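Now for the letters of each chain:
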Amino acid sequence: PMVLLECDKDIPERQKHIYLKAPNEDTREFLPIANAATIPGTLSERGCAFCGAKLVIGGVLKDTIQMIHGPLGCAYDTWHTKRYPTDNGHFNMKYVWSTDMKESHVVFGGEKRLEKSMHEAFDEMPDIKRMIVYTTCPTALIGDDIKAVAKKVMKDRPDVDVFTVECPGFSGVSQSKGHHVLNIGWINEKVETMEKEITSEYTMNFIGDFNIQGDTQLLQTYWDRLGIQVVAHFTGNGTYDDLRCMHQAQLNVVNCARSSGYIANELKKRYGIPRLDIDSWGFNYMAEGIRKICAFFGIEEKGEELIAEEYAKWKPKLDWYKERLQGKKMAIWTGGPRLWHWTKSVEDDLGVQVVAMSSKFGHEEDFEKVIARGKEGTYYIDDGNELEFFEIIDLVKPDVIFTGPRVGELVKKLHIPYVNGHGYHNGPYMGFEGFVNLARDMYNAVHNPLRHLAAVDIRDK
Amino acid sequence: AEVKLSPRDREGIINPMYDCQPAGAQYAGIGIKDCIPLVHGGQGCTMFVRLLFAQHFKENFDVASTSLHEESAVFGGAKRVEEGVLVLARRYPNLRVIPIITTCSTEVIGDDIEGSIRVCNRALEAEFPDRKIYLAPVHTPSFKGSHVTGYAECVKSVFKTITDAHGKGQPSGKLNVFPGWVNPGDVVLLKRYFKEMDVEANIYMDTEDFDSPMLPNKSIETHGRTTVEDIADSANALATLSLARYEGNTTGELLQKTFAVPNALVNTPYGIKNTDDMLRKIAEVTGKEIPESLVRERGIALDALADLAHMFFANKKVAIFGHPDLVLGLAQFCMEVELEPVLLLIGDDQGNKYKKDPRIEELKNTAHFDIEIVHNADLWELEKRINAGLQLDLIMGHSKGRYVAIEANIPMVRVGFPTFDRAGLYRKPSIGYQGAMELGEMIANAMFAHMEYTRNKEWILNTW
Amino acid sequence: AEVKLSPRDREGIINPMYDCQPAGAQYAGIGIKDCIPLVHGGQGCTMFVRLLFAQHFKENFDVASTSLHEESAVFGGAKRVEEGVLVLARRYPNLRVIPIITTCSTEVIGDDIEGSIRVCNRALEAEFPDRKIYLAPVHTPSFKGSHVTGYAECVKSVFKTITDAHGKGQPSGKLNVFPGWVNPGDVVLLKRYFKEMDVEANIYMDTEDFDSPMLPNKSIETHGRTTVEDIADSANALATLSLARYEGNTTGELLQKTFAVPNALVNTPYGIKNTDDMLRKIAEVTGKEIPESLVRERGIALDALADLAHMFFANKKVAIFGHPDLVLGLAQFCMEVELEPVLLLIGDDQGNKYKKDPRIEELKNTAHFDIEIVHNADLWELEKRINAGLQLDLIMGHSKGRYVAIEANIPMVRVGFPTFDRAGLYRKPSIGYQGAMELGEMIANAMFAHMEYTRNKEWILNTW
Ligand code: CLF
Ligand code: CLF
Ligand SMILES: [Mg+2]
Ligand SMILES: [Mg+2]
Ligand SMILES: [S]
Ligand SMILES: [Zn+2]
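Rules of the game
- Residues numbered from 1 in each chain as written, not as in the entry; some residues may be left out.
- Chains lettered and ligands numbered in written order.
- Part of a larger assembly, values for the part shown.
- Heavy atoms only, no water.
- UniProt positions renumbered as here; feature names shortened; annotations may be inferred.
- Helix = DSSP H or I, 4+ residues; strand = E, 2+ residues; numbered from the N terminus.
- Rg over C-alpha atoms; globule rule 2.2 N^0.38 Å.
- Buried < 20%, exposed > 50% of the residue type's maximum accessible area, 1.4 Å probe, protein only.
- Contact = heavy atoms within 4.5 Å.
- Areas by Shrake-Rupley, 256 points an atom, 1.4 Å probe, with all protein chains shown as cover.
- Domains from an automatic or database assignment.
- Buried area = accessible area lost by both parts, 1.4 Å probe.
- Pairing = 2+ DSSP bridges.
- Axes fitted to C-alpha atoms, helices over the stretch in contact; angles between N-to-C directions.
- Salt bridge = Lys/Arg side-chain N within 4 Å of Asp/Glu carboxyl O.
- Polar contact = N/O pair within 3.5 Å; in protein donor to acceptor, adjacent residues only side chain to side chain.
- Donors = N, O, S within 2.8 Å, 3.2 Å for Na, K, Ca; no water.
- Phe/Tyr/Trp six-rings, centres within 6.5 Å; stacked < 30°, edge-to-face > 60°.
- Near = heavy atom within 4 Å.
- Nonpolar A, V, L, I, M, F, W, Y, C, P; charged D, E, K, R; others polar.

- Per the PDB record, this model was obtained through X-ray crystallography at a reported resolution of 1.20 Å.

- Under the PDB entry, the name given to chain B is Vanadium nitrogenase beta subunit, vnfK, and the source organism is Azotobacter vinelandii DJ.
- Its PDB title, taken directly from the record, is "A. vinelandii vanadium nitrogenase, turnover state".

- The PDB entry lists chain A under the name Nitrogenase protein alpha chain, with Azotobacter vinelandii DJ given as the organism.
- Quoted verbatim from the Subunit (unreviewed entry) field of UniProt, the annotation for chain A is "Hexamer of two alpha, two beta, and two delta chains."
- Quoted verbatim from the Cofactor (unreviewed entry) heading of the UniProt record, the comment on chain A is "[8Fe-7S] cluster".

Regarding the overall build of chain A
Piece 1. The helix and strand inventory of chain A stands at 19 helices and 14 strands.
Piece 2. Computed over the C-alpha atoms, the radius of gyration of chain A is 23 Å, within 12% of the 23 Å expected from 2.2 N^0.38 for a compact globule of 461 residues.
Piece 3. Overall, chain A is about 75 × 60 × 50 Å in size when its C-alpha atoms are taken along their principal axes.
Piece 4. Looking at chain A residue by residue over its 461 residues, the buried ones come to 69%.
Piece 5. For chain A, the proportion of contacts with a sequence separation of at least 24, taken over those separated by at least 6, is 74%.
Piece 6. Accessible area for chain A stands at about 15,300 Å²; split by element, carbon and sulfur atoms hold 49% of it.

Quick word on the domain arrangement of chain B
Residues and elements named next belong to chain B.
Piece 1. Here chain B is partitioned into domain 1 (19-164), domain 2 (165-268), domain 3 (269-315 + 432-464) and domain 4 (316-416).
Piece 2. Once you take the C-alpha centre of each, domain 3 and domain 4 turn out to be 19 Å apart.
Piece 3. The interface of domain 3 with domain 4 comprises 21 residues on the first partner and 22 residues on the second.
Piece 4. Between domain 3 and domain 4, a total of about 1,700 Å² is buried, with carbon and sulfur atoms accounting for 67% of that surface.

Considerations on the sheet that holds strand β5 (residues 134-138) of chain C
Residue and element names in this part refer to chain C.
Piece 1. If you trace the four strands from one edge of the open sheet to the other, you get β3-β2-β4-β5, paired in parallel fashion. The sheet terminates laterally at β3 (64-65) and β5, the two strands that pair on one side only.
Piece 2. When strand β2 (residues 38-40) meets strand β4 (residues 97-102), the two strands line up parallel, connected through three bridges. Considered in β4, the bridge of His40 is made with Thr102.
Piece 3. Where helix α6 (residues 113-127) meets the sheet, it contacts β2, β4 and β5, and its direction lies at approximately 170° from that of β5.

Let's talk about the domain arrangement of chain A
Residue and element names in this part refer to chain A.
Piece 1. Structurally, chain A comprises domain 1 (1-193) and domain 2 (194-461).
Piece 2. Taken together, the contact between domain 1 and domain 2 spans 61 residues of the former and 61 residues of the latter.
Piece 3. Together domain 1 and domain 2 conceal approximately 5,300 Å² of surface at their shared face, both sides included; 56% is due to carbon and sulfur atoms.
Piece 4. Contact with domain 2 buries area across many residues of domain 1, yet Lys21, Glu45 and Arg83 alone supply 14% of it, more than any other trio.
Piece 5. For the pair domain 1 and domain 2, the interface holds five salt bridges.
Piece 6. One can count 38 residue pairs in polar contact joining domain 1 with domain 2.
Piece 7. Of all the secondary structure elements, the ones that give two or more residues to the side of domain 1 that touches domain 2 are β1 (18-20), α1 (49-57), β4 (130-135), β5 (161-165) and α8 (176-189).
Piece 8. Tallying contributions element by element places α8 first for the side of domain 1 that touches domain 2, with nine residues.

Side note on the coordination of the magnesium ion (ligand 3)
Piece 1. Listed as protein donors to the magnesium ion (ligand 3) are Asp303 of chain B (OD) and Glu59 of chain C (OE); their distances from the metal cover 2.0 to 2.1 Å. Pair noted here: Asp303 of chain B is in helix α12 (residues 292-306) and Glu59 of chain C is in the loop between α2 (44-57) and β3, and the two residues belong to different chains.
Piece 2. We classify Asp303 of chain B as buried; its relative accessible area is 15%.
Piece 3. When its relative accessible area of 13% is taken as the criterion, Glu59 of chain C is described as buried.

Notes on the side chain of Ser212 of chain B
Piece 1. Inspection of the secondary structure assignment puts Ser212 of chain B in the loop between β8 (201-203) and α9 (228-232).
Piece 2. Relative accessible area serves as the criterion here: at 0%, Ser212 of chain B is assigned to the buried category.
Piece 3. Those residues in contact with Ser212 of chain B that lie beyond four places of it in its chain are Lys413 of chain A, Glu59, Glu221 and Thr222 of chain B together with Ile300 and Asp303 of chain C.

A closer look at the pairing of strand β7 (residues 175-178) of chain B
Residues and elements named next belong to chain B.
Piece 1. Residues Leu175 and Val177 line one face of β7 and the alternating positions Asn176 and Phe178 line the opposite face, and both faces are buried.
Piece 2. With four bridges connecting them, β7 and strand β9 (residues 239-242) associate as parallel partners. In the strand pairing of β9, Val177 is matched with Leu241.
Piece 3. As paired strands, β7 and β8 are joined by three bridges and run parallel to one another. When the bridges of β8 are listed, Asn176 appears paired with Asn202.

Regarding the packing of aromatic side chains
Piece 1. Throughout the structure, instances matching the rule amount to 65 aromatic pairs over all chains.
Piece 2. Taking the centre distance of 5.0 Å and the plane angle of 85° together, the rings of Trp186 of chain A and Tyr240 of chain A count as edge-to-face. Of this pair, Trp186 of chain A sits in helix α8 while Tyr240 of chain A sits in helix α10 (residues 240-243), and the two are 54 residues apart along the sequence.
Piece 3. With a centroid separation of 5.7 Å and an interplanar angle of 35°, the aromatic rings of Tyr27 of chain B and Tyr151 of chain B are classed as tilted. In this pair, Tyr27 of chain B sits in helix α1 (residues 21-29) while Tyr151 of chain B sits in helix α7 (residues 147-166), placing the two residues 124 residues apart along the sequence.
Piece 4. Taking the relative accessible area as the measure of exposure, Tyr27 of chain B reaches 5% and is therefore buried.

Quick word on the site of ligand 1
Piece 1. Of all residues adjacent to ligand 1, which total 19 residues, the nearest are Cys48 and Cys137 of chain A together with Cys20, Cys45 and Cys104 of chain B.
Piece 2. Mapping the residues adjacent to ligand 1 onto the chains of the assembly identifies chains A and B.
Piece 3. When contributions to the shell around ligand 1 are tallied by element, the ones reaching two or more residues are α2 (72-76) of chain A together with α2 (44-57) of chain B.
Piece 4. A per-class count over the shell around ligand 1 returns 10 nonpolar, eight polar and one charged.

Observations concerning the coordination of the zinc ion (ligand 6)
The expected angle between donors at a tetrahedral four-coordinate metal is 109.5 degrees. At an octahedral six-coordinate metal it is 90 or 180 degrees.
Piece 1. Coordination of the zinc ion (ligand 6) by the protein comes from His447 of chain A (NE2) and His368 of chain C (NE2), over a distance range of 2.0 to 2.7 Å. Of this pair, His447 of chain A sits in the loop between α18 (431-446) and α19 (449-455) while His368 of chain C sits in the loop between α16 (358-366) and β12 (371-375), each in a different chain.
Piece 2. On the basis of relative accessibility, which here comes to 34%, the residue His447 of chain A falls in the partly exposed class.
Piece 3. Taking the relative accessible area as the measure of exposure, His368 of chain C reaches 60% and is therefore exposed.

As structure tokens, then:
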């Protein structure tokens, strides 16, 4: 049924956001409301639409200036906080750009400040010729037309290409709105503005993977072994110009349907490219995904050679971890998709029971997926807040929590270990080897002498 | 010998040195016991700053958002403030203080924070009759200043709010101390110094318990120790000792103007002389002697530093970046140990003030080489100068400059805020005698490792 | 899990782990106030060890030689000892204790030390009727044992000499504490723990002031603080707490046998469990409760270590070398934080003892992987194993192993004696809760720097 937590007695609208799955229910009657307004003052985990555009998607690219039009805080705040390596020395993580908006630009406008900043950025790094410009709260409010500025810069500097995103933090309710705005602008403006050489009979885009700790590079080893050309990765270890070529692919493979389903859906509508949803986390899931790709292309034997080798290499280790992790209780408090990519994969492949899940910004679609794959007796929370997290801990007593570092550091005080469900501990976590890496971190987190030591009060005789 | 100040020559920023004002206001507020700041603006202005604190401290701190969404941006966001205060009060029964911190959004739209405060005060008085919550308006538009300025503004506003409510009472006998934006280890050191000198003092804010234990009983102790009572007692102090011109002196000044508590601003106590001068001012205002234990700690520092200065530090060129009080103080420390701080970077628009700082002349009368001080600096300014041929032996700064040092193959000591890429630095003092020693030894040890990795006379680390 | 002990398979040594017995006897003696050891043998046996102490501590310590020359090497050295005693007493009016430490040369030639002491006692009683000088015979042939055994022998002989002279008297109510061969920072920590527990104790030897100040009055304070009177009072203690089986427990045993002072040997307090058990034993013997402050320091240590263990330490392979108490204790600490101490090297001929150490079974019952313990090891044994393909993530040992780690490109944390190639380590605790924390953070920071220098996922040091 829907649950009114004690901590929510004074915000009882939260009951419609929390489902405890019980036997024999028709889950269609219990779908959390999601993707609705935040309650002020709650200590919701949510962030802003600018985050979803710049930090999560656009900022992943290896060769692109990330020009944040606004005061310096939005830039500072999105720098040294992600783990998406590249194969060019991590340009994406080393730098962030701001227009350093001041009071006089609020009064008189920021367009010339932006334009000047843009030219400076291209002058300071003459080998970089690609840029994304983002709005932030105040530059939205004052009406700066960043698309027009970008047009003018491109006219004046014909060797550059600039994309713009309107994503002030008050737009939408969460980071989700930033994903949408970016995805639709990109397809509308920049797809089919260039072409690349095709070098294989089998071509795909991989859509919705952001190369966390090298996930994308690990999966690329699969595609290379299968002889599949990836026209574009959206956006892990990607380039701006690869993303202009997305119309060329034969197939779109989607992992993050939440952040990047929009572009897959428009590529199908406009170009006829089919959308194939897979789970690129999970051992058995990865095998299913590979078999689907290879069935689409007609390379099923190659897929079976790859899968056999990967199971030979990794399955014994996986199984060793399952033997030790069987029955442990897990909570997942992350953005949304990882709830439905992990709940049954950790259960199948590791014997782990997911007892509570919270999604910061998932939509009703994400809840449909997670509830379909998740267990009875589990709590499913939309837009969870910190007091809820404590109450849920008391209810379900997890052995391990997969969540962000700050929450990890909170629940440590309760003697509950964490794995970073966002940026990983020791990743990558995608693919066959990756799920072994996930299992290893879960094992070390829980099989940890410190946890036992912490419980001992030395004053007791 | 020239100390030259110059501004950044670009309009844009690449690699900002500091965060915006509201982030600093949040840092002020999290040092208060039974305080949850409420950041009036979009959600990122809260959550990204809670992450930044977790990076520096490896701890959670509670800060809430008003969750400004599209409708408030068209019609105003007062109702989000008002709801957020109530939702806090209702769910956190022990909450006492809520700094209401504005952002770029809510400064631009002109929400009337004081008006919302009056509404909330009425509501709270009716709903919770035997409770007092102090709502402090904190105006921190992000399009001026920095997190340094925001920190100072929040401290001042909270102090104004709580002292307005309580007034002057009976003399406390104590000092007020505003150390500025320092680490838990710096607070621990200061408490020791006042204890050894038999001086009663409140340190504002007292952040020692930010380094909280993992305890057998699972209790959470990750809180500021500064209470409402402590703040209100500031009115009754003997004097205020302000250690940071840009990080709390203006609160000392407010207390002097309002309550006739005399404020004494001293150089921030980085290095030996600045520490000496702090302790002498404490002795002057309290009439208490400097204890033999401090002479000894000083002497132990000096002994350690003397094993390093002319052997390893002399003629080595240093760049320093960070908060202004820290950059100026560290430059003075460096000279005491024969380092040459040739490039000082200070990261915000307060150059009109910095050009008047008495420490600039102090640096001019002690330097044996030219110093460039770039104000309104970003960290690209450091990288660019190295790319153009500036030869540095050492960088001192916070962790968001790490790739500059890594790529240039220059040893770097982590100082200031945030220092997330090394372990435990929050617990190590930087100020005082022990801090000077610990800084110097960090510098040497970073040089020593660099000599080994680079095979640069690594054999020499035997009989120094 | 198999913990295998093996000896070095070579007769010779390449790169010795320890010095010889006399060096350790000198270390024991320099911790006594008003003591100047007199090393009976050739001049190098003194001067090289004074240098060694200067390398570790960056201080001078007074030790004298008998200056054995060719005449005395052929015809006997008793007159060199006797003259040296008298020259010392004549020139150092405040001298009270002279351990007379034998060397290989004077052991081979059979000089009768006890007879020379009778001669000197008569001479000194006649020449200085108002003084008492304690002469302790310390038999330290260098062709047995190591500086570890020589330290233990010297402590025992000095305690026998002084307590023979004074005997048993009024109960003192204090503990005797033999921490072994530890740093000044370890002594500082222990003193704090006894103070917080309200337990009176003498720490033998009290080396805190080896880290001496550079003072305005130019005084020299670089001395041991353990006095004759302190040593004599050991016969009157409530109990002895011995922390180090190989570094003073035999003195605790002698005081038990001679004076019925019960000796409690505990595991050397490296890591959390060993510190817990030490504090439990202190509480048991004294009847004093462990205070909340120590539960808090423990908790702070655990909090810090929990930020590192599964993220950076799990499954990392470590080699440890140093004194046996330190090696065994650090291996236990490493397992608490998920490190894997797969190679332990202990550097002398005492393997029949080490095979019976109860910690070996403790390590067998807590290891998730095989451990090899090489006894009679030299540091070539480490280098040769790495050359043969042993893959290590970390080395923990003293500075004379530095080139092994530098050349193999393995991060190394400096522990034990001597640690000359980093600054300030003598001031940092390694035992206790604070010390476990400090060790763990040194390990992490060494790994972090190594990730940067080697570009090994250096981007990961952001949100741990
Ligand atoms: S919700 Fe998001 S992060 Fe917040 S401002 Fe808005 S786009 Fe940006 Fe920016 S400068 Fe600082 S951090 Fe804010 S107060 Fe403005
Ligand atoms: S004067 Fe010179 S250094 Fe001395 S012994 Fe003689 S040749 Fe050698 Fe050797 S082992 Fe130790 S240090 Fe001595 S007691 Fe013997
Ligand atoms: Mg010294
Ligand atoms: Mg902590
Ligand atoms: S979000
Ligand atoms: Zn086990």
